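In: give me coordinates for this.
(one chain, ligands or ions: 5)
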Amino acid sequence: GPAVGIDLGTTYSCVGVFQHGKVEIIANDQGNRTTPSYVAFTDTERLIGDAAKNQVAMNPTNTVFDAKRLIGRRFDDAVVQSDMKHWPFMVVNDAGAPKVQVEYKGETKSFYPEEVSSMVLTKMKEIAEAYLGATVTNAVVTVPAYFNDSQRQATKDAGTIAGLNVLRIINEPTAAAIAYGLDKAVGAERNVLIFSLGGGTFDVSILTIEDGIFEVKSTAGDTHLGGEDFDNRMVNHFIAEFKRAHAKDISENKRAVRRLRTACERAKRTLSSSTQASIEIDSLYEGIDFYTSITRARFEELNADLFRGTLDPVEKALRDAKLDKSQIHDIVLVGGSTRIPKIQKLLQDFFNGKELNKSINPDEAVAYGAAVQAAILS
Ligand SMILES: Nc1ncnc2c1ncn2[C@@H]1O[C@H](COP(=O)(O)OP(=O)(O)O)[C@@H](O)[C@H]1O
Ligand SMILES: [Cl-]
Ligand SMILES: [Cl-]
Ligand SMILES: [K+]
Ligand SMILES: [Mg+2]
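Out: Residues are numbered from 1 along each chain as shown. Ligands and ions are numbered 1, 2, ... in the order given. Pasting the structure now:
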């Protein structure tokens, strides 16, 4: 085509294309290499990606995200019923299937999870098209290893609706291993551990690879642990700080909280490269600016338990795979959160100093591998 590889993420999506033996992780119209898996509806327009997430704080009811948590599931599914209680948007039941309901151009409308995700894939498709200067048709789209047939089918349908011919649906951990060339035959079988920590979910997958054939040995994790949870710890920290300094609680002002959450997410990323970060918010509450800062140490302490807890699923995955730490040949980092120095330290210490595969941006590794496989299938 060339064909492309797309990581349809829980919170961010990424598209890459393999040309001249190299993978190109494609930047969007705003120059970002990953795009929010968001879609918004207003009185006049449908927004997608950066444009949608950039207005989430002011239009919470009609800004959709987490469609991946609904995709391929039934309305009465326990997880679906549990998640709805936390989303600002409506999820309704249509013949037993979940649909998000929103207001668009003054009218009420509902979309299936695959329709919402097709909008995200369309955005990724156009992003690739703007870079290639050519129409993009074929693509490989990834999914978590634990996805069932219905979830895989619905993800594929999201692609078809986007005008893409889905060459294949492959597992995210497998895509990651392919990015590092771990799929090449080298004689005996090799055990690869994929440590994936994104913005909303945590997954540990152990794969055994032999003759280019992957075998998911075990999967562990927490579908409700991700970078967004680390931002929450920071948010509460600063809400307390603002109350101390100004004797005012901003907790009930949904927008002040989102602007603070956005500032924390940005500071967090900085703390992965530097030891301190400055928070500066103009007019956060009742015209009061919030200028402060936070140290990496402070950040690590606010999340110490959450970070350390990532090691339990690692132990359990090993146990279920019937392998000992020492039998793992490669450890691959996936997800933007794995860029956090403390998490790398924890994982490495657990593996007694073993080096981590982390040269490819973790939040891009899945798209990277998908792009490689998409080319191979073309
Ligand atoms: N440099 C960084 N340091 C810490 N966290 C990061 C960094 N870059 C991205 N992240 C985080 O990774 C998370 C999710 O991004 P990925 O790109 O992993 O998305 P998804 O949630 O769909 O897997 C977010 O919480 C984001 O804040
Ligand atoms: Cl864009
Ligand atoms: Cl430590
Ligand atoms: K992603
Ligand atoms: Mg991910």
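In: closest point of the stretch 201-350 of the chain to ligand 4, which residue?
Out: residue 335 (7.0 Å; CB to the ion). In this view, the C-beta of every residue, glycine as well, is placed from N, C-alpha and C.
In: give me the neighbour count for that residue.
Out: As a burial measure, residue 335 scores 29 neighbours (other CB atoms under 10 Å).
In: do the one 4 residues further on as well
Out: By the other CB under 10 Å criterion, the neighbourhood of residue 339 contains 20 residues.
In: phi and psi next, for it.
Out: phi -90, psi -10 (degrees, to the nearest 10).
In: my read is that it contacts residue 365, right?
Out: No - contact between residue 339 and residue 365 fails when scored by CB atoms under 8 Å: they sit 11.4 Å apart.
In: joint contacts of the two?
Out: residue 333 (CB atoms under 8 Å, 6 or more residues apart in numbering).
In: picking up where we left off before, so what's the closest residue to the residue of the stretch 201-350 of the chain closest to ligand 4 other than its chain neighbours up against?
Out: Among residues not flanking residue 335 along the chain, residue 198 sits closest, at 3.9 Å (CB to CB, 6 or more residues apart in numbering). By CB under 8 Å, 6+ apart, the residues touching residue 198 are 9-12, 226-227, 334-337, 363.
In: in JSON lines: those residues, plus secondary structure.
Out: Output for those, formatted as JSON lines (DSSP: H, G, I helix; E, B strand; the rest coil):
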{"residue": "9", "secondary structure": "coil"}
{"residue": "10", "secondary structure": "coil"}
{"residue": "11", "secondary structure": "coil"}
{"residue": "12", "secondary structure": "strand"}
{"residue": "226", "secondary structure": "coil"}
{"residue": "227", "secondary structure": "helix"}
{"residue": "334", "secondary structure": "strand"}
{"residue": "335", "secondary structure": "coil"}
{"residue": "336", "secondary structure": "helix"}
{"residue": "337", "secondary structure": "helix"}
{"residue": "363", "secondary structure": "coil"}
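In: do stretch 344-364 and ligand 5 meet at all?
Out: No - Stretch 344-364 stays out of contact with ligand 5 when judged by CB under 5 Å from the ion, the minimum separation being 6.9 Å.
In: stretch 6-24 and ligand 2, any residue contact?
Out: No - Stretch 6-24 does not reach ligand 2 (CB under 5 Å from the ion); its nearest approach is 10.7 Å.
In: could you list the buried residues of that stretch?
Out: Of all the residues in stretch 6-24, those buried under the rule 16 or more other CB atoms under 10 Å are 6-18, 23-24.
In: ok, stretch 202-221 next?
Out: Buried-residue list, stretch 202-221, by 16+ other CB under 10 Å: 202-209, 214, 216-221.
In: distance between that stretch and the chain's centre?
Out: 19 Å (CA atoms, centre = their mean, to the nearest Å).
In: now tell me what touches that stretch from outside.
Out: Here stretch 202-221 has contacts from 144-146, 171-174, 177, 182-185, 188-197, 201, 222-223, 225-226, 310, 313-314, 316-318, 320-323, 328, using CB under 8 Å, 6+ apart.
In: from start to finish, how long is that stretch in a straight line?
Out: Here the two ends of stretch 202-221 are set 5 Å apart, with distance taken as CA to CA, to the nearest Å.
In: what's the domain layout of this structure?
Out: 1-64+120-184+358-378, 65-119, 185-225+310-357, 226-309 (curated CATH domains).
In: now check the third one, is it near ligand 1?
Out: By that I understand domain 185-225+310-357. Yes - using CB under 6 Å from any ligand atom, domain 185-225+310-357 reaches ligand 1 at 198-200, 335-337, 339-340.
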